[PDB]
Structures are given as structure tokens and as C-alpha cells.
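Chemist: upload.tsv (TSV, N, CA and C atoms) pasted underneath:
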```
chain	number	residue	atom	x	y	z
T	73	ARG	N	55.93	-118.15	-78.25
T	73	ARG	CA	57.05	-117.19	-78.34
T	73	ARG	C	57.61	-117.09	-79.76
T	74	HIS	N	57.65	-118.23	-80.46
T	74	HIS	CA	57.97	-118.29	-81.89
T	74	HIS	C	56.98	-117.46	-82.74
T	75	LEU	N	55.67	-117.52	-82.44
T	75	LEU	CA	54.66	-116.76	-83.18
T	75	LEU	C	54.72	-115.27	-82.89
T	76	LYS	N	55.32	-114.86	-81.78
T	76	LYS	CA	55.56	-113.44	-81.61
T	76	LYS	C	56.67	-112.95	-82.55
T	77	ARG	N	57.57	-113.84	-82.98
T	77	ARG	CA	58.48	-113.47	-84.07
T	77	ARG	C	57.73	-113.36	-85.38
T	78	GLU	N	56.72	-114.21	-85.58
T	78	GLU	CA	56.00	-114.20	-86.85
T	78	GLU	C	54.96	-113.08	-86.99
T	79	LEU	N	54.44	-112.57	-85.88
T	79	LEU	CA	53.58	-111.39	-85.90
T	79	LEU	C	54.36	-110.12	-86.26
T	80	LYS	N	55.60	-110.03	-85.80
T	80	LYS	CA	56.48	-108.92	-86.13
T	80	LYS	C	56.88	-108.93	-87.62
T	81	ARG	N	57.23	-110.11	-88.20
T	81	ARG	CA	57.63	-110.20	-89.62
T	81	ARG	C	56.46	-109.92	-90.56
T	82	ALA	N	55.23	-110.13	-90.08
T	82	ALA	CA	54.03	-109.82	-90.84
T	82	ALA	C	53.64	-108.36	-90.67
T	83	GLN	N	53.92	-107.78	-89.51
T	83	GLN	CA	53.69	-106.36	-89.30
T	83	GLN	C	54.63	-105.49	-90.14
T	84	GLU	N	55.90	-105.90	-90.29
T	84	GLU	CA	56.86	-105.17	-91.12
T	84	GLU	C	56.38	-105.09	-92.57
T	85	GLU	N	55.97	-106.23	-93.12
T	85	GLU	CA	55.61	-106.31	-94.53
T	85	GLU	C	54.68	-105.21	-94.92
T	86	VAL	N	53.64	-105.05	-94.12
T	86	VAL	CA	52.54	-104.20	-94.47
T	86	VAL	C	52.85	-102.71	-94.29
T	87	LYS	N	53.80	-102.35	-93.42
T	87	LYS	CA	54.11	-100.92	-93.25
T	87	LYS	C	54.83	-100.35	-94.46
T	88	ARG	N	55.56	-101.21	-95.19
T	88	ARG	CA	56.24	-100.83	-96.42
T	88	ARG	C	55.24	-100.48	-97.54
T	89	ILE	N	54.06	-101.12	-97.53
T	89	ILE	CA	52.98	-100.83	-98.49
T	89	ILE	C	52.29	-99.55	-98.13
T	90	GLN	N	52.25	-99.24	-96.85
T	90	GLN	CA	51.67	-97.98	-96.45
T	90	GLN	C	52.41	-96.81	-97.07
T	91	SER	N	53.74	-96.90	-97.14
T	91	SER	CA	54.53	-95.72	-97.46
T	91	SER	C	54.90	-95.60	-98.93
T	92	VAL	N	55.37	-94.38	-99.25
T	92	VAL	CA	55.69	-93.86	-100.58
T	92	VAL	C	56.22	-94.95	-101.52
T	93	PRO	N	55.97	-94.86	-102.86
T	93	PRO	CA	55.15	-93.98	-103.71
T	93	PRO	C	53.59	-94.28	-103.84
T	94	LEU	N	52.81	-93.21	-103.67
T	94	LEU	CA	51.36	-93.27	-103.60
T	94	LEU	C	50.77	-92.18	-104.45
T	95	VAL	N	49.61	-92.45	-105.03
T	95	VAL	CA	48.79	-91.44	-105.69
T	95	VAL	C	47.72	-91.00	-104.70
T	96	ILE	N	47.31	-89.73	-104.81
T	96	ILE	CA	46.32	-89.16	-103.91
T	96	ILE	C	44.93	-89.11	-104.60
T	97	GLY	N	43.95	-89.85	-104.06
T	97	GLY	CA	42.56	-89.76	-104.46
T	97	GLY	C	41.71	-89.12	-103.39
T	98	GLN	N	40.43	-89.42	-103.42
T	98	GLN	CA	39.53	-88.90	-102.40
T	98	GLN	C	38.53	-89.98	-102.04
T	99	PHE	N	38.12	-90.04	-100.81
T	99	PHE	CA	37.08	-90.92	-100.32
T	99	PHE	C	35.75	-90.30	-100.46
T	100	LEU	N	34.80	-90.93	-101.23
T	100	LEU	CA	33.44	-90.38	-101.42
T	100	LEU	C	32.54	-90.79	-100.27
T	101	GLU	N	32.56	-92.06	-100.02
T	101	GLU	CA	31.61	-92.68	-99.10
T	101	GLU	C	31.97	-94.15	-98.97
T	102	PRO	N	31.62	-94.84	-97.80
T	102	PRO	CA	31.69	-96.30	-97.75
T	102	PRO	C	30.46	-96.94	-98.39
T	103	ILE	N	30.67	-98.18	-98.83
T	103	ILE	CA	29.59	-99.14	-99.14
T	103	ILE	C	29.52	-100.29	-98.13
T	104	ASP	N	30.54	-100.42	-97.28
T	104	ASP	CA	30.66	-101.30	-96.11
T	104	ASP	C	31.53	-100.45	-95.18
T	105	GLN	N	32.77	-100.86	-94.90
T	105	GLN	CA	33.77	-100.09	-94.16
T	105	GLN	C	35.08	-100.75	-94.36
T	106	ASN	N	35.09	-102.02	-94.83
T	106	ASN	CA	36.21	-102.73	-95.40
T	106	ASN	C	36.26	-102.59	-96.91
T	107	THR	N	35.31	-101.86	-97.49
T	107	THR	CA	35.33	-101.55	-98.91
T	107	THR	C	34.69	-100.19	-99.13
T	108	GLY	N	35.31	-99.36	-99.97
T	108	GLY	CA	34.82	-98.02	-100.22
T	108	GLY	C	34.96	-97.63	-101.68
T	109	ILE	N	34.42	-96.45	-102.01
T	109	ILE	CA	34.50	-95.84	-103.35
T	109	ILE	C	35.43	-94.65	-103.24
T	110	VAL	N	36.52	-94.67	-104.01
T	110	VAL	CA	37.40	-93.52	-104.16
T	110	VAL	C	37.42	-93.09	-105.61
T	111	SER	N	37.49	-91.76	-105.84
T	111	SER	CA	37.83	-91.20	-107.14
T	111	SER	C	39.32	-90.85	-107.10
T	112	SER	N	40.11	-91.49	-107.97
T	112	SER	CA	41.52	-91.16	-108.05
T	112	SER	C	41.61	-89.73	-108.55
T	113	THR	N	42.84	-89.25	-108.72
T	113	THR	CA	43.02	-87.98	-109.40
T	113	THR	C	43.35	-88.18	-110.88
T	114	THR	N	42.88	-89.30	-111.49
T	114	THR	CA	42.78	-89.45	-112.95
T	114	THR	C	41.35	-89.17	-113.50
T	115	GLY	N	40.35	-88.84	-112.67
T	115	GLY	CA	39.02	-88.53	-113.17
T	115	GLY	C	38.15	-89.76	-113.39
T	116	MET	N	38.48	-90.90	-112.73
T	116	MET	CA	37.75	-92.17	-112.73
T	116	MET	C	37.42	-92.66	-111.33
T	117	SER	N	36.34	-93.44	-111.23
T	117	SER	CA	35.95	-94.05	-109.97
T	117	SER	C	36.50	-95.46	-109.87
T	118	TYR	N	36.97	-95.82	-108.67
T	118	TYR	CA	37.42	-97.16	-108.34
T	118	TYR	C	36.80	-97.63	-107.04
T	119	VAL	N	36.48	-98.91	-107.00
T	119	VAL	CA	36.04	-99.59	-105.80
T	119	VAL	C	37.25	-100.34	-105.22
T	120	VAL	N	37.62	-100.00	-103.98
T	120	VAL	CA	38.89	-100.40	-103.39
T	120	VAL	C	38.67	-100.97	-102.00
T	121	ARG	N	39.41	-102.02	-101.70
T	121	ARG	CA	39.40	-102.50	-100.35
T	121	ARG	C	40.09	-101.48	-99.44
T	122	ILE	N	39.67	-101.46	-98.17
T	122	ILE	CA	40.19	-100.58	-97.13
T	122	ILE	C	41.01	-101.41	-96.14
T	123	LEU	N	42.27	-101.00	-95.94
T	123	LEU	CA	43.15	-101.64	-94.96
T	123	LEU	C	42.51	-101.58	-93.60
T	124	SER	N	42.16	-102.73	-93.09
T	124	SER	CA	41.63	-102.71	-91.75
T	124	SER	C	42.76	-102.30	-90.80
T	125	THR	N	42.35	-101.77	-89.66
T	125	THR	CA	43.21	-101.04	-88.74
T	125	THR	C	43.56	-99.71	-89.37
T	126	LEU	N	42.50	-98.91	-89.47
T	126	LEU	CA	42.55	-97.50	-89.78
T	126	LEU	C	41.42	-96.74	-89.09
T	127	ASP	N	41.66	-95.44	-88.86
T	127	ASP	CA	40.66	-94.53	-88.27
T	127	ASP	C	39.61	-94.05	-89.28
T	128	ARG	N	38.36	-94.47	-89.02
T	128	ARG	CA	37.20	-94.01	-89.76
T	128	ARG	C	36.56	-92.81	-89.09
T	129	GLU	N	37.26	-92.20	-88.12
T	129	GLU	CA	36.69	-91.12	-87.32
T	129	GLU	C	36.64	-89.84	-88.14
T	130	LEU	N	37.69	-89.57	-88.91
T	130	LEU	CA	37.65	-88.48	-89.85
T	130	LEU	C	37.38	-88.95	-91.27
T	131	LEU	N	37.39	-90.33	-91.57
T	131	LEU	CA	37.35	-90.82	-92.86
T	131	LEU	C	36.00	-90.71	-93.52
T	132	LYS	N	34.92	-90.99	-92.77
T	132	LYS	CA	33.60	-91.16	-93.39
T	132	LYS	C	33.11	-89.88	-94.09
T	133	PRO	N	33.05	-88.70	-93.46
T	133	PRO	CA	32.96	-87.48	-94.27
T	133	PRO	C	34.06	-87.46	-95.31
T	134	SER	N	33.69	-87.25	-96.58
T	134	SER	CA	34.68	-87.05	-97.66
T	134	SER	C	35.91	-86.24	-97.42
T	135	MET	N	37.11	-86.78	-97.75
T	135	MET	CA	38.32	-86.16	-97.27
T	135	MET	C	39.38	-86.91	-98.01
T	136	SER	N	40.50	-86.21	-98.31
T	136	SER	CA	41.65	-86.74	-99.03
T	136	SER	C	42.14	-88.00	-98.35
T	137	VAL	N	42.93	-88.76	-99.09
T	137	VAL	CA	43.31	-90.09	-98.66
T	137	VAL	C	44.47	-90.52	-99.54
T	138	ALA	N	45.22	-91.53	-99.10
T	138	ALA	CA	46.31	-92.06	-99.94
T	138	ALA	C	45.92	-93.43	-100.50
T	139	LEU	N	46.35	-93.72	-101.75
T	139	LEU	CA	46.09	-95.00	-102.42
T	139	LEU	C	47.41	-95.59	-102.94
T	140	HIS	N	47.46	-96.93	-103.04
T	140	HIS	CA	48.61	-97.61	-103.64
T	140	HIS	C	48.57	-97.57	-105.16
T	141	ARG	N	49.68	-97.73	-105.84
T	141	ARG	CA	49.86	-97.52	-107.23
T	141	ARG	C	49.24	-98.62	-108.04
T	142	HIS	N	50.00	-99.70	-108.33
T	142	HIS	CA	49.49	-100.78	-109.14
T	142	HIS	C	48.31	-101.40	-108.44
T	143	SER	N	48.48	-101.67	-107.14
T	143	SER	CA	47.47	-102.43	-106.38
T	143	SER	C	46.12	-101.69	-106.35
U	103	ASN	N	21.63	-112.81	-111.26
U	103	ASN	CA	20.79	-113.00	-112.45
U	103	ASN	C	20.46	-111.64	-113.05
U	104	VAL	N	20.01	-111.63	-114.31
U	104	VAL	CA	19.52	-110.40	-114.94
U	104	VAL	C	18.09	-110.04	-114.55
U	105	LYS	N	17.41	-110.90	-113.72
U	105	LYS	CA	16.13	-110.62	-113.06
U	105	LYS	C	16.28	-109.59	-111.91
U	106	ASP	N	17.38	-109.70	-111.12
U	106	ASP	CA	17.73	-108.81	-110.00
U	106	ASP	C	18.13	-107.39	-110.46
U	107	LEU	N	18.87	-107.26	-111.59
U	107	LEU	CA	19.35	-105.97	-112.07
U	107	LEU	C	18.26	-105.14	-112.69
U	108	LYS	N	18.06	-103.98	-112.11
U	108	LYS	CA	17.03	-103.08	-112.55
U	108	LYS	C	17.73	-101.87	-113.15
U	109	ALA	N	16.97	-101.04	-113.87
U	109	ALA	CA	17.50	-99.88	-114.57
U	109	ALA	C	18.17	-98.91	-113.60
U	110	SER	N	19.23	-98.28	-114.08
U	110	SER	CA	20.00	-97.26	-113.34
U	110	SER	C	20.49	-97.73	-111.96
U	111	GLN	N	20.75	-99.05	-111.81
U	111	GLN	CA	21.38	-99.65	-110.63
U	111	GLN	C	22.91	-99.56	-110.77
U	112	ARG	N	23.58	-98.91	-109.82
U	112	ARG	CA	25.05	-98.82	-109.84
U	112	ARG	C	25.68	-100.15	-109.46
U	113	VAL	N	26.53	-100.67	-110.35
U	113	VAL	CA	27.04	-102.02	-110.23
U	113	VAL	C	28.54	-101.96	-110.03
U	114	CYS	N	29.09	-103.12	-109.65
U	114	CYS	CA	30.53	-103.34	-109.61
U	114	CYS	C	31.00	-104.08	-110.86
U	115	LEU	N	32.16	-103.64	-111.37
U	115	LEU	CA	32.82	-104.18	-112.55
U	115	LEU	C	34.30	-104.37	-112.26
U	116	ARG	N	34.86	-105.43	-112.79
U	116	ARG	CA	36.29	-105.70	-112.60
U	116	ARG	C	36.99	-105.44	-113.93
U	117	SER	N	37.82	-104.38	-113.98
U	117	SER	CA	38.32	-103.84	-115.24
U	117	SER	C	39.21	-104.81	-116.04
U	118	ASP	N	39.24	-106.13	-115.69
U	118	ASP	CA	40.01	-107.17	-116.39
U	118	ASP	C	39.35	-107.66	-117.70
U	119	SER	N	38.01	-107.84	-117.69
U	119	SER	CA	37.18	-108.02	-118.90
U	119	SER	C	35.80	-107.40	-118.73
U	120	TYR	N	35.67	-106.51	-117.75
U	120	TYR	CA	34.40	-105.85	-117.42
U	120	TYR	C	33.32	-106.85	-117.00
U	121	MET	N	33.69	-107.87	-116.21
U	121	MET	CA	32.72	-108.87	-115.75
U	121	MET	C	32.00	-108.41	-114.46
U	122	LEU	N	30.64	-108.33	-114.50
U	122	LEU	CA	29.82	-107.93	-113.35
U	122	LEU	C	30.04	-108.87	-112.18
U	123	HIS	N	30.41	-108.29	-111.06
U	123	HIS	CA	30.75	-109.08	-109.89
U	123	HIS	C	29.51	-109.07	-109.02
U	124	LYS	N	29.24	-107.93	-108.38
U	124	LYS	CA	28.14	-107.72	-107.47
U	124	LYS	C	27.31	-106.55	-107.96
U	125	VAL	N	26.08	-106.49	-107.47
U	125	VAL	CA	25.35	-105.24	-107.45
U	125	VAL	C	26.02	-104.33	-106.42
U	126	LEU	N	26.13	-103.03	-106.73
U	126	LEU	CA	26.66	-102.06	-105.77
U	126	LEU	C	25.53	-101.50	-104.89
U	127	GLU	N	25.80	-101.42	-103.58
U	127	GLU	CA	24.81	-100.96	-102.59
U	127	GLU	C	24.29	-99.58	-102.96
U	128	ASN	N	25.19	-98.71	-103.42
U	128	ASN	CA	24.89	-97.31	-103.66
U	128	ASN	C	23.97	-97.18	-104.88
U	129	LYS	N	23.26	-96.06	-104.90
U	129	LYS	CA	22.39	-95.66	-105.98
U	129	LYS	C	21.57	-94.52	-105.43
U	130	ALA	N	21.45	-93.42	-106.17
U	130	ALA	CA	20.52	-92.39	-105.75
U	130	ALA	C	19.52	-92.21	-106.86
U	131	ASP	N	18.25	-91.94	-106.45
U	131	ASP	CA	17.21	-91.57	-107.38
U	131	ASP	C	17.70	-90.29	-108.10
U	132	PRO	N	17.51	-90.07	-109.38
U	132	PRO	CA	17.86	-88.80	-110.02
U	132	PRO	C	16.95	-87.62	-109.63
U	133	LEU	N	15.77	-87.89	-109.06
U	133	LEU	CA	14.84	-86.84	-108.63
U	133	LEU	C	15.17	-86.30	-107.24
U	134	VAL	N	15.73	-87.18	-106.36
U	134	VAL	CA	16.27	-86.83	-105.07
U	134	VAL	C	17.41	-85.82	-105.29
U	135	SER	N	18.13	-85.99	-106.35
U	135	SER	CA	19.19	-85.04	-106.76
U	135	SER	C	18.74	-83.70	-107.14
U	136	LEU	N	17.66	-83.61	-107.94
U	136	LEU	CA	17.16	-82.33	-108.44
U	136	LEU	C	16.38	-81.59	-107.36
U	137	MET	N	15.61	-82.32	-106.57
U	137	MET	CA	14.91	-81.69	-105.47
U	137	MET	C	15.86	-81.10	-104.44
U	138	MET	N	17.02	-81.75	-104.16
U	138	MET	CA	17.93	-81.28	-103.11
U	138	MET	C	18.76	-80.07	-103.52
U	139	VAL	N	19.22	-79.97	-104.78
U	139	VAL	CA	20.05	-78.82	-105.18
U	139	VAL	C	19.21	-77.55	-105.29
U	140	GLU	N	17.97	-77.71	-105.73
U	140	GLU	CA	16.97	-76.67	-105.55
U	140	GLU	C	16.91	-76.26	-104.07
U	141	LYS	N	16.48	-77.23	-103.18
U	141	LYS	CA	16.19	-77.14	-101.77
U	141	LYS	C	14.98	-76.29	-101.61
U	142	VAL	N	13.95	-76.92	-101.02
U	142	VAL	CA	12.71	-76.20	-100.72
U	142	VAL	C	12.14	-76.82	-99.44
U	143	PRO	N	12.06	-76.08	-98.32
U	143	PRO	CA	11.36	-76.62	-97.15
U	143	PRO	C	9.87	-76.92	-97.43
U	144	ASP	N	9.31	-77.93	-96.72
U	144	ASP	CA	7.88	-78.18	-96.57
U	144	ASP	C	7.46	-77.74	-95.15
U	145	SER	N	6.15	-77.70	-94.91
U	145	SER	CA	5.66	-77.12	-93.66
U	145	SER	C	4.40	-77.90	-93.23
U	146	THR	N	3.71	-77.41	-92.21
U	146	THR	CA	2.43	-77.97	-91.81
U	146	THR	C	1.44	-76.82	-91.78
U	147	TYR	N	0.18	-77.12	-91.49
U	147	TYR	CA	-0.81	-76.06	-91.63
U	147	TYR	C	-0.73	-74.98	-90.53
U	148	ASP	N	-0.24	-75.32	-89.28
U	148	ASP	CA	-0.23	-74.42	-88.09
U	148	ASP	C	0.85	-73.31	-88.09
U	149	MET	N	1.90	-73.46	-88.93
U	149	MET	CA	2.98	-72.54	-88.99
U	149	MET	C	2.71	-71.53	-90.11
U	150	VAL	N	1.68	-71.82	-90.93
U	150	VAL	CA	1.21	-70.89	-91.97
U	150	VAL	C	-0.14	-70.26	-91.63
U	151	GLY	N	-0.65	-70.60	-90.42
U	151	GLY	CA	-1.95	-70.22	-89.92
U	151	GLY	C	-2.06	-68.78	-89.56
U	152	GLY	N	-3.16	-68.47	-88.92
U	152	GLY	CA	-3.59	-67.11	-88.81
U	152	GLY	C	-4.17	-66.57	-90.10
```
Please render this file's structure as C-alpha cells.
Modeler:
Amino acid sequence: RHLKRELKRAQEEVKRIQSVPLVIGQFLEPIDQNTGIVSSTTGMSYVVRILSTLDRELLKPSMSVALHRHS
Amino acid sequence: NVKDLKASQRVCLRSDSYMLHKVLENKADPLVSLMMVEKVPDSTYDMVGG
């Protein structure tokens, strides 16, 4: 019952990273599915980890996407 | 090793000092590129027959 408090405090942390401020890149293709290639909108390629617990149903065909700033 | 890395292999780099981490899975032949933007079907002998 104590660890159900700790799953909630860990779930909060990560939703704040999901949300604004974000730069918009594009997803080219996976190289796994926990790691992919995105081109930011600075005209460079980056290899980025993918937040597990996301829908790859529309993701795998190339399509806009959100990325974190410094991270 | 530099035995594994072959020419025109797309690699991973970590922009901290540009140190090679892994070989990258991806890579396309440059001829697969030129043949596809052209696009030309192939066939068999029976569909060109008569």
C-alpha cells in the first residue's frame, strides 16, 4: 500500500516532462522501438530514446512528433 | 573494432567529443536509391509473349 503511494509520485514526475516547452521534430524511422531517429527542425539528425508507454500505431510511418529541449 | 566498420556504414556518435558508440542498424545502398526514384518495373517472359 506504501508502494502505491510511490508509483503515483513517480507517475507525476514524468508527466511534467511530457508537457510544454517542446521543440517539434519529425520521426523518420525506428532502429529498435525504444530508440529512433528524429530530424529536429534545426536541420540536423539526432538519435533519441523513445519514452516507453507510447502508441507506435501511427508513429512508425513518418509523422510529426514532440521532443524535449535540453534532454 | 575498426575491422567491423565498413565504408559508408551509418554510425552513432555522441556529440560530447564525437566518440563512436555503436554501429547504427540503418544504412541504404546508394544504388537502391537511384533505382527507386527512377522506378522501373521488371517482368517475366509470359507477360511479354505472343
Chemist: Under the rule that only N, CA and C atoms are counted, which of T:85, T:113, T:102, T:93 is the nearest residue to residue 142 (chain T)?
Modeler: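 Checking each candidate against residue 142 (chain T), we get T:93 as the closest.
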Chemist: For a test of reading the model, state the distance in Å between atom N of residue 129 (chain U) and atom C of residue 103 (chain U), rounded to one decimal.
Modeler: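 About the pair atom N of residue 129 (chain U) and atom C of residue 103 (chain U): they are 17.8 Å apart.
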Chemist: Hey, could you make a per-residue contact list for chain U against chain T with 12 Å as the cut-off, showing the nearest pair of atoms and its distance in Å to one decimal, counting only C-alpha atoms, sorted by chain and number, as a tab-separated table?
Modeler:
```
residue	atom	partner	partner_atom	distance
U:112	CA	T:103	CA	11.6
U:113	CA	T:119	CA	10.3
U:114	CA	T:119	CA	7.7
U:115	CA	T:119	CA	8.8
U:116	CA	T:119	CA	9.1
U:117	CA	T:118	CA	9.6
U:123	CA	T:119	CA	11.6
U:124	CA	T:119	CA	11.5
U:125	CA	T:103	CA	11.1
U:126	CA	T:103	CA	7.8
U:127	CA	T:103	CA	6.2
U:128	CA	T:103	CA	6.8
U:129	CA	T:103	CA	10.5
```
Chemist: Take the residues from that selection and put them in a file with N, CA and C atoms, as a PDB file, keeping the file's coordinate frame.
Modeler:
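Saved result, out_7.pdb, follows:
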```pdb
ATOM      1  N   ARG U 112      23.580 -98.910-109.820  1.00  0.00           N
ATOM      2  CA  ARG U 112      25.050 -98.820-109.840  1.00  0.00           C
ATOM      3  C   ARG U 112      25.680-100.150-109.460  1.00  0.00           C
ATOM      4  N   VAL U 113      26.530-100.670-110.350  1.00  0.00           N
ATOM      5  CA  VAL U 113      27.040-102.020-110.230  1.00  0.00           C
ATOM      6  C   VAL U 113      28.540-101.960-110.030  1.00  0.00           C
ATOM      7  N   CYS U 114      29.090-103.120-109.650  1.00  0.00           N
ATOM      8  CA  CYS U 114      30.530-103.340-109.610  1.00  0.00           C
ATOM      9  C   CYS U 114      31.000-104.080-110.860  1.00  0.00           C
ATOM     10  N   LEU U 115      32.160-103.640-111.370  1.00  0.00           N
ATOM     11  CA  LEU U 115      32.820-104.180-112.550  1.00  0.00           C
ATOM     12  C   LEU U 115      34.300-104.370-112.260  1.00  0.00           C
ATOM     13  N   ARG U 116      34.860-105.430-112.790  1.00  0.00           N
ATOM     14  CA  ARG U 116      36.290-105.700-112.600  1.00  0.00           C
ATOM     15  C   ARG U 116      36.990-105.440-113.930  1.00  0.00           C
ATOM     16  N   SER U 117      37.820-104.380-113.980  1.00  0.00           N
ATOM     17  CA  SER U 117      38.320-103.840-115.240  1.00  0.00           C
ATOM     18  C   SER U 117      39.210-104.810-116.040  1.00  0.00           C
ATOM     19  N   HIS U 123      30.410-108.290-111.060  1.00  0.00           N
ATOM     20  CA  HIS U 123      30.750-109.080-109.890  1.00  0.00           C
ATOM     21  C   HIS U 123      29.510-109.070-109.020  1.00  0.00           C
ATOM     22  N   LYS U 124      29.240-107.930-108.380  1.00  0.00           N
ATOM     23  CA  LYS U 124      28.140-107.720-107.470  1.00  0.00           C
ATOM     24  C   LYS U 124      27.310-106.550-107.960  1.00  0.00           C
ATOM     25  N   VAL U 125      26.080-106.490-107.470  1.00  0.00           N
ATOM     26  CA  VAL U 125      25.350-105.240-107.450  1.00  0.00           C
ATOM     27  C   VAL U 125      26.020-104.330-106.420  1.00  0.00           C
ATOM     28  N   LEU U 126      26.130-103.030-106.730  1.00  0.00           N
ATOM     29  CA  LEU U 126      26.660-102.060-105.770  1.00  0.00           C
ATOM     30  C   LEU U 126      25.530-101.500-104.890  1.00  0.00           C
ATOM     31  N   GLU U 127      25.800-101.420-103.580  1.00  0.00           N
ATOM     32  CA  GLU U 127      24.810-100.960-102.590  1.00  0.00           C
ATOM     33  C   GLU U 127      24.290 -99.580-102.960  1.00  0.00           C
ATOM     34  N   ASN U 128      25.190 -98.710-103.420  1.00  0.00           N
ATOM     35  CA  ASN U 128      24.890 -97.310-103.660  1.00  0.00           C
ATOM     36  C   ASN U 128      23.970 -97.180-104.880  1.00  0.00           C
ATOM     37  N   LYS U 129      23.260 -96.060-104.900  1.00  0.00           N
ATOM     38  CA  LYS U 129      22.390 -95.660-105.980  1.00  0.00           C
ATOM     39  C   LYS U 129      21.570 -94.520-105.430  1.00  0.00           C
TER      40      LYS U 129
END
```
Chemist: When you draw a straight line from CA of residue 89 (chain T) to CA of residue 122 (chain T), how long is it in Å?
Modeler: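 Taking CA of residue 89 (chain T) as the start and CA of residue 122 (chain T) as the end point, the length is 12.9 Å.
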Chemist: Hey, can you check how far atom N of residue 76 (chain T) sits from atom N of residue 90 (chain T)?
Modeler: 21.9 Å
Chemist: With all atoms listed in the file as the basis for distance, which of T:86, T:96, T:123, T:75 is at the shortest distance from residue 137 (chain T)?
Modeler: T:96
Chemist: Write out as a PyMOL selection string each polymer residue whose atoms come within 8 Å of residue 131 (chain T), counting only N, CA and C atoms; drop sequence neighbours fewer than 3 positions from it.
Modeler: chain T and resi 99-102+126-128+134-136
Chemist: Assign secondary structure with DSSP using the backbone only, and return the residues of chain U in strand (DSSP E or B) as an MDAnalysis selection string.
Modeler: chainID U and resid 113:116 121:125
